[PDB]
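Structure file model12.csv (CSV, N, CA and C atoms) is printed below.
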chain,number,residue,atom,x,y,z
A,1,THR,N,0.9,-1.2,0.0
A,1,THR,CA,0.0,0.0,0.0
A,1,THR,C,0.9,1.2,0.0
A,2,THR,N,0.4,2.3,-0.6
A,2,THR,CA,1.2,3.5,-0.7
A,2,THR,C,0.6,4.6,0.3
A,3,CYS,N,1.4,5.3,0.9
A,3,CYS,CA,1.0,6.4,1.9
A,3,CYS,C,1.7,7.6,1.5
A,4,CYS,N,1.1,8.8,1.4
A,4,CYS,CA,1.8,10.0,1.0
A,4,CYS,C,1.7,11.0,2.1
A,5,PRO,N,2.7,11.9,2.2
A,5,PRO,CA,2.8,12.9,3.3
A,5,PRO,C,2.0,14.1,3.1
A,6,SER,N,1.5,14.4,1.9
A,6,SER,CA,0.6,15.5,1.7
A,6,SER,C,-0.2,15.3,0.4
A,7,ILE,N,-1.2,16.1,0.2
A,7,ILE,CA,-2.0,15.9,-1.1
A,7,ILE,C,-1.1,16.2,-2.3
A,8,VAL,N,-0.3,17.2,-2.3
A,8,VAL,CA,0.6,17.5,-3.5
A,8,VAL,C,1.5,16.2,-3.8
A,9,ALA,N,2.0,15.6,-2.7
A,9,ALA,CA,2.9,14.4,-2.9
A,9,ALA,C,2.1,13.3,-3.6
A,10,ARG,N,0.8,13.1,-3.1
A,10,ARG,CA,0.0,12.0,-3.8
A,10,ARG,C,-0.3,12.4,-5.2
A,11,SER,N,-0.6,13.6,-5.5
A,11,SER,CA,-1.0,14.0,-6.9
A,11,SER,C,0.3,13.8,-7.8
A,12,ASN,N,1.5,14.1,-7.2
A,12,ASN,CA,2.7,13.9,-8.0
A,12,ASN,C,3.0,12.4,-8.2
A,13,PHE,N,2.7,11.6,-7.2
A,13,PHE,CA,2.8,10.2,-7.3
A,13,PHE,C,1.9,9.6,-8.4
A,14,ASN,N,0.7,10.0,-8.4
A,14,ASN,CA,-0.2,9.5,-9.4
A,14,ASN,C,0.3,9.8,-10.9
A,15,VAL,N,0.8,11.0,-11.0
A,15,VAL,CA,1.4,11.4,-12.4
A,15,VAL,C,2.6,10.5,-12.7
A,16,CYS,N,3.4,10.3,-11.7
A,16,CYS,CA,4.7,9.5,-11.8
A,16,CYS,C,4.3,8.1,-12.3
A,17,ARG,N,3.1,7.6,-11.8
A,17,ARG,CA,2.7,6.2,-12.1
A,17,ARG,C,2.0,6.1,-13.5
A,18,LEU,N,1.7,7.2,-14.1
A,18,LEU,CA,1.0,7.1,-15.5
A,18,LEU,C,1.7,6.3,-16.5
A,19,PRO,N,3.0,6.5,-16.6
A,19,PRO,CA,3.8,5.7,-17.7
A,19,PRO,C,4.1,4.3,-17.2
A,20,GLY,N,3.8,4.0,-16.0
A,20,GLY,CA,4.1,2.6,-15.5
A,20,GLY,C,5.3,2.5,-14.6
A,21,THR,N,5.9,3.7,-14.2
A,21,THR,CA,7.0,3.7,-13.3
A,21,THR,C,6.8,2.9,-12.0
A,22,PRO,N,7.8,2.1,-11.7
A,22,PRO,CA,7.6,1.3,-10.4
A,22,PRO,C,7.3,2.2,-9.2
A,23,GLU,N,6.4,1.6,-8.3
A,23,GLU,CA,6.1,2.4,-7.1
A,23,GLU,C,7.3,2.8,-6.3
A,24,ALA,N,8.3,1.9,-6.3
A,24,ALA,CA,9.5,2.3,-5.4
A,24,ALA,C,10.2,3.6,-5.9
A,25,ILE,N,10.2,3.8,-7.3
A,25,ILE,CA,10.9,5.0,-7.8
A,25,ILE,C,10.0,6.2,-7.6
A,26,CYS,N,8.7,6.0,-7.8
A,26,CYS,CA,7.7,7.1,-7.5
A,26,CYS,C,7.8,7.5,-6.0
A,27,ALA,N,8.0,6.5,-5.1
A,27,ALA,CA,8.1,6.8,-3.7
A,27,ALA,C,9.3,7.8,-3.4
A,28,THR,N,10.5,7.5,-3.9
A,28,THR,CA,11.6,8.4,-3.6
A,28,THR,C,11.5,9.7,-4.3
A,29,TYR,N,10.8,9.7,-5.5
A,29,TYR,CA,10.6,10.9,-6.2
A,29,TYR,C,9.7,11.9,-5.5
A,30,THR,N,8.7,11.3,-4.8
A,30,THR,CA,7.7,12.2,-4.2
A,30,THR,C,7.7,12.4,-2.7
A,31,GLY,N,8.3,11.5,-2.0
A,31,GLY,CA,8.3,11.4,-0.5
A,31,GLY,C,7.2,10.5,0.0
A,32,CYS,N,6.4,9.9,-0.9
A,32,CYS,CA,5.4,8.8,-0.5
A,32,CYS,C,6.2,7.5,-0.1
A,33,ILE,N,5.5,6.6,0.6
A,33,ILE,CA,6.2,5.4,1.1
A,33,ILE,C,5.3,4.2,0.7
A,34,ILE,N,6.0,3.1,0.7
A,34,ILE,CA,5.3,1.8,0.4
A,34,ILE,C,5.4,1.0,1.8
A,35,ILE,N,4.2,0.5,2.2
A,35,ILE,CA,4.2,-0.4,3.4
A,35,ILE,C,3.6,-1.7,3.0
A,36,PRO,N,3.9,-2.7,3.8
A,36,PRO,CA,3.3,-4.0,3.5
A,36,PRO,C,1.9,-4.2,4.0
A,37,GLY,N,1.5,-3.4,5.0
A,37,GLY,CA,0.1,-3.5,5.5
A,37,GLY,C,-0.8,-2.5,4.7
A,38,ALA,N,-1.9,-2.2,5.3
A,38,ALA,CA,-3.0,-1.4,4.7
A,38,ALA,C,-3.3,-0.2,5.5
A,39,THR,N,-2.6,0.0,6.6
A,39,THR,CA,-3.0,1.2,7.5
A,39,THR,C,-1.9,2.2,7.5
A,40,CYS,N,-2.1,3.3,6.8
A,40,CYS,CA,-1.0,4.3,6.8
A,40,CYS,C,-1.0,5.1,8.1
A,41,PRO,N,0.2,5.5,8.5
A,41,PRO,CA,0.3,6.3,9.8
A,41,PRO,C,-0.2,7.7,9.6
A,42,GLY,N,-0.4,8.3,10.7
A,42,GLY,CA,-1.0,9.7,10.7
A,42,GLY,C,-0.2,10.8,10.0
A,43,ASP,N,1.2,10.5,9.9
A,43,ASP,CA,2.1,11.5,9.3
A,43,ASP,C,2.2,11.2,7.8
A,44,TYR,N,1.5,10.2,7.3
A,44,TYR,CA,1.5,9.8,5.8
A,44,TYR,C,0.0,9.6,5.5
A,45,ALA,N,-0.8,10.6,5.8
A,45,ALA,CA,-2.2,10.4,5.8
A,45,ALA,C,-2.9,10.6,4.5
A,46,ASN,N,-2.2,11.0,3.5
A,46,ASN,CA,-2.7,11.3,2.1
A,46,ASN,C,-2.3,10.3,1.1
If you convert what's in this file into structure tokens, what do you get?
Amino acid sequence: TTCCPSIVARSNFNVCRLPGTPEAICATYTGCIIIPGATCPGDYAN
């Protein structure tokens, strides 16, 4: 599951993913994170 730190970061992440870029590269590009569970923490609420 992906968790983003702000709405801007999530919007940038979704654009990064349009061409098919792996989530891990979009994560470091935007500040979003990938976790194995489904419950994002409060500081990555977007």
Residues of chain A classed as helix (DSSP H, G or I) by DSSP on the backbone are to be reported as a PyMOL selection string. chain A and resi 7-17+23-30
Within 12 Å of region 16-30 of chain A, counting only C-alpha atoms, which residues qualify if same-chain residues fewer than 5 places away don't, as an MDAnalysis selection string? chainID A and resid 1:11 35 44
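Going from CA of residue 42 (chain A) over to atom C of residue 15 (chain A), you cover 23.7 Å.
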Using all atoms of region 8-21 of chain A that appear in the file, construct an axis-aligned enclosing box with 8 Å of padding on every side and provide its centre coordinates and edge lengths in Å, rounded to one decimal, as JSON.
{"center_x": 3.0, "center_y": 10.0, "center_z": -10.0, "size_x": 24.0, "size_y": 31.0, "size_z": 31.4}
Could you tell me, as an MDAnalysis selection string, which residues of chain A DSSP assigns to strand (DSSP E) when given the backbone? chainID A and resid 2:3 33:34
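In this structure, atom C of residue 34 (chain A) sits 13.1 Å away from CA of residue 46 (chain A).
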Please rebuild region 24-43 of chain A with N, CA, C and O atoms and give the result as a PDB file, in the coordinates of the input.
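The file below, part.pdb, is the result:
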ATOM      1  N   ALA A  24       8.300   1.900  -6.300  1.00  0.00           N
ATOM      2  CA  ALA A  24       9.500   2.300  -5.400  1.00  0.00           C
ATOM      3  C   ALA A  24      10.200   3.600  -5.900  1.00  0.00           C
ATOM      4  O   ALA A  24      10.719   4.397  -5.138  1.00  0.00           O
ATOM      5  N   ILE A  25      10.200   3.800  -7.300  1.00  0.00           N
ATOM      6  CA  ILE A  25      10.900   5.000  -7.800  1.00  0.00           C
ATOM      7  C   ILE A  25      10.000   6.200  -7.600  1.00  0.00           C
ATOM      8  O   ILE A  25      10.462   7.286  -7.298  1.00  0.00           O
ATOM      9  N   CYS A  26       8.700   6.000  -7.800  1.00  0.00           N
ATOM     10  CA  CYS A  26       7.700   7.100  -7.500  1.00  0.00           C
ATOM     11  C   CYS A  26       7.800   7.500  -6.000  1.00  0.00           C
ATOM     12  O   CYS A  26       7.585   8.696  -5.741  1.00  0.00           O
ATOM     13  N   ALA A  27       8.000   6.500  -5.100  1.00  0.00           N
ATOM     14  CA  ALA A  27       8.100   6.800  -3.700  1.00  0.00           C
ATOM     15  C   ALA A  27       9.300   7.800  -3.400  1.00  0.00           C
ATOM     16  O   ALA A  27       9.078   8.861  -2.794  1.00  0.00           O
ATOM     17  N   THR A  28      10.500   7.500  -3.900  1.00  0.00           N
ATOM     18  CA  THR A  28      11.600   8.400  -3.600  1.00  0.00           C
ATOM     19  C   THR A  28      11.500   9.700  -4.300  1.00  0.00           C
ATOM     20  O   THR A  28      12.036  10.749  -3.883  1.00  0.00           O
ATOM     21  N   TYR A  29      10.800   9.700  -5.500  1.00  0.00           N
ATOM     22  CA  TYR A  29      10.600  10.900  -6.200  1.00  0.00           C
ATOM     23  C   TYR A  29       9.700  11.900  -5.500  1.00  0.00           C
ATOM     24  O   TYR A  29       9.939  13.091  -5.517  1.00  0.00           O
ATOM     25  N   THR A  30       8.700  11.300  -4.800  1.00  0.00           N
ATOM     26  CA  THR A  30       7.700  12.200  -4.200  1.00  0.00           C
ATOM     27  C   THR A  30       7.700  12.400  -2.700  1.00  0.00           C
ATOM     28  O   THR A  30       7.018  13.294  -2.147  1.00  0.00           O
ATOM     29  N   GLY A  31       8.300  11.500  -2.000  1.00  0.00           N
ATOM     30  CA  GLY A  31       8.300  11.400  -0.500  1.00  0.00           C
ATOM     31  C   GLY A  31       7.200  10.500   0.000  1.00  0.00           C
ATOM     32  O   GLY A  31       7.052  10.266   1.219  1.00  0.00           O
ATOM     33  N   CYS A  32       6.400   9.900  -0.900  1.00  0.00           N
ATOM     34  CA  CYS A  32       5.400   8.800  -0.500  1.00  0.00           C
ATOM     35  C   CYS A  32       6.200   7.500  -0.100  1.00  0.00           C
ATOM     36  O   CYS A  32       7.430   7.436  -0.407  1.00  0.00           O
ATOM     37  N   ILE A  33       5.500   6.600   0.600  1.00  0.00           N
ATOM     38  CA  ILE A  33       6.200   5.400   1.100  1.00  0.00           C
ATOM     39  C   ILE A  33       5.300   4.200   0.700  1.00  0.00           C
ATOM     40  O   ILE A  33       4.119   4.331   0.452  1.00  0.00           O
ATOM     41  N   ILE A  34       6.000   3.100   0.700  1.00  0.00           N
ATOM     42  CA  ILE A  34       5.300   1.800   0.400  1.00  0.00           C
ATOM     43  C   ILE A  34       5.400   1.000   1.800  1.00  0.00           C
ATOM     44  O   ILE A  34       6.519   0.840   2.300  1.00  0.00           O
ATOM     45  N   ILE A  35       4.200   0.500   2.200  1.00  0.00           N
ATOM     46  CA  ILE A  35       4.200  -0.400   3.400  1.00  0.00           C
ATOM     47  C   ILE A  35       3.600  -1.700   3.000  1.00  0.00           C
ATOM     48  O   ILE A  35       2.778  -1.827   2.093  1.00  0.00           O
ATOM     49  N   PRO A  36       3.900  -2.700   3.800  1.00  0.00           N
ATOM     50  CA  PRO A  36       3.300  -4.000   3.500  1.00  0.00           C
ATOM     51  C   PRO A  36       1.900  -4.200   4.000  1.00  0.00           C
ATOM     52  O   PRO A  36       1.151  -5.009   3.387  1.00  0.00           O
ATOM     53  N   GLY A  37       1.500  -3.400   5.000  1.00  0.00           N
ATOM     54  CA  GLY A  37       0.100  -3.500   5.500  1.00  0.00           C
ATOM     55  C   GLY A  37      -0.800  -2.500   4.700  1.00  0.00           C
ATOM     56  O   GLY A  37      -0.447  -2.054   3.609  1.00  0.00           O
ATOM     57  N   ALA A  38      -1.900  -2.200   5.300  1.00  0.00           N
ATOM     58  CA  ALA A  38      -3.000  -1.400   4.700  1.00  0.00           C
ATOM     59  C   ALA A  38      -3.300  -0.200   5.500  1.00  0.00           C
ATOM     60  O   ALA A  38      -4.175   0.577   5.000  1.00  0.00           O
ATOM     61  N   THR A  39      -2.600   0.000   6.600  1.00  0.00           N
ATOM     62  CA  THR A  39      -3.000   1.200   7.500  1.00  0.00           C
ATOM     63  C   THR A  39      -1.900   2.200   7.500  1.00  0.00           C
ATOM     64  O   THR A  39      -0.849   1.972   8.194  1.00  0.00           O
ATOM     65  N   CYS A  40      -2.100   3.300   6.800  1.00  0.00           N
ATOM     66  CA  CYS A  40      -1.000   4.300   6.800  1.00  0.00           C
ATOM     67  C   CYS A  40      -1.000   5.100   8.100  1.00  0.00           C
ATOM     68  O   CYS A  40      -2.088   5.364   8.664  1.00  0.00           O
ATOM     69  N   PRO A  41       0.200   5.500   8.500  1.00  0.00           N
ATOM     70  CA  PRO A  41       0.300   6.300   9.800  1.00  0.00           C
ATOM     71  C   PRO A  41      -0.200   7.700   9.600  1.00  0.00           C
ATOM     72  O   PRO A  41      -0.315   8.197   8.461  1.00  0.00           O
ATOM     73  N   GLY A  42      -0.400   8.300  10.700  1.00  0.00           N
ATOM     74  CA  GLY A  42      -1.000   9.700  10.700  1.00  0.00           C
ATOM     75  C   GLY A  42      -0.200  10.800  10.000  1.00  0.00           C
ATOM     76  O   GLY A  42      -0.683  11.821   9.616  1.00  0.00           O
ATOM     77  N   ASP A  43       1.200  10.500   9.900  1.00  0.00           N
ATOM     78  CA  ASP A  43       2.100  11.500   9.300  1.00  0.00           C
ATOM     79  C   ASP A  43       2.200  11.200   7.800  1.00  0.00           C
ATOM     80  O   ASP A  43       2.856  11.990   7.071  1.00  0.00           O
TER      81      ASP A  43
END
